[PDB]
Amino acid sequence: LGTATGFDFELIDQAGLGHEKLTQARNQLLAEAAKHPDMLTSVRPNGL
Amino acid sequence: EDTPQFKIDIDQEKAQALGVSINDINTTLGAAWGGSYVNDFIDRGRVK
């Protein structure tokens with residue numbers, strides 16, 4: 001069942017936005033996540 | 001109930017005499033009057 005610590009989140013393109021727009025939104029969320037190290041740790045993409 | 005339909009007979013001899021292939025005849029007839037699914041494309045991120 002692989003790693004059981006952590007959360008496993010999926011960010012989703014719901015409106016045919018496309019790859020670039022989805023990456024930008026990912027960065028937006030990762031950047032906002034990094035501003036809360038008191039709540040969130042190691043928030044990272046599981047991708048290339 | 002049964003309905004009128006339009007019976008078209010391809011004349012094989014005349015086609016051969018004119019050098020027109022039956023495949024071209026049938027594709028032309030079917031593609032024009034019936035429509036033909038050629039292949040897929042990508043509309044706002046979704047294959048169609």
Exercise. Taking the convex hull of the Cα atoms, report for chain B its projected area averaged over all directions, in nm².
Key: 6.1
Self-check item: Low-density loop cleavage sites - GluC sites (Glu not before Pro) in chain A, where at most 10 other Cβ are within 10 Å (DSSP)
Solution: A:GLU10
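Going from the alpha-carbon gyration tensor of chain A, what semi-axes, largest first and in whole Å, does one get by taking the root of 5 times each eigenvalue?
So the equivalent ellipsoid measures 21, 15, 8 Å along its semi-axes.
At a Förster distance of 35 Å, what's the computed FRET efficiency of B:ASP43 paired with B:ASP2, Cβ-Cβ distance as r, to 0.05?
Values: r = 40 Å, r/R0 = 1.14.
That gives a FRET efficiency of 0.30.
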Quiz item: Where does helix A:19-34 land angle-wise versus the long Cα axis of chain A, in degrees 0 to 90, nearest 10?
Solution: 30
Quiz item: Where the centre of each part is set by its Cα atoms, how far does chain A sit from the range B:1-37, in angstrom?
Solution: 57
Quiz item: Taking every eigenvalue of the Cα gyration tensor of the protein assembly as shown, multiplying by 5 and rooting it, what semi-axes result, largest first, whole Å?
Solution: 62, 15, 13
Quiz item: Relative to the longest principal axis of chain B, what angle (0 to 90°, nearest 10) does the C-alpha long axis of helix B:22-34 take?
Solution: 50
Quiz item: Could you give the length gained on full extension between A:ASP8 and A:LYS35, defined as 0.36 nm per residue of separation minus the Cα-Cα distance, in nm?
Solution: 7.8 nm
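Cβ: placed from backbone, ideal geometry, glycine included. Neighbour counts: every protein chain shown. Computed from the coordinates by the stated procedures, all read-outs in this text should not be read as laboratory data.
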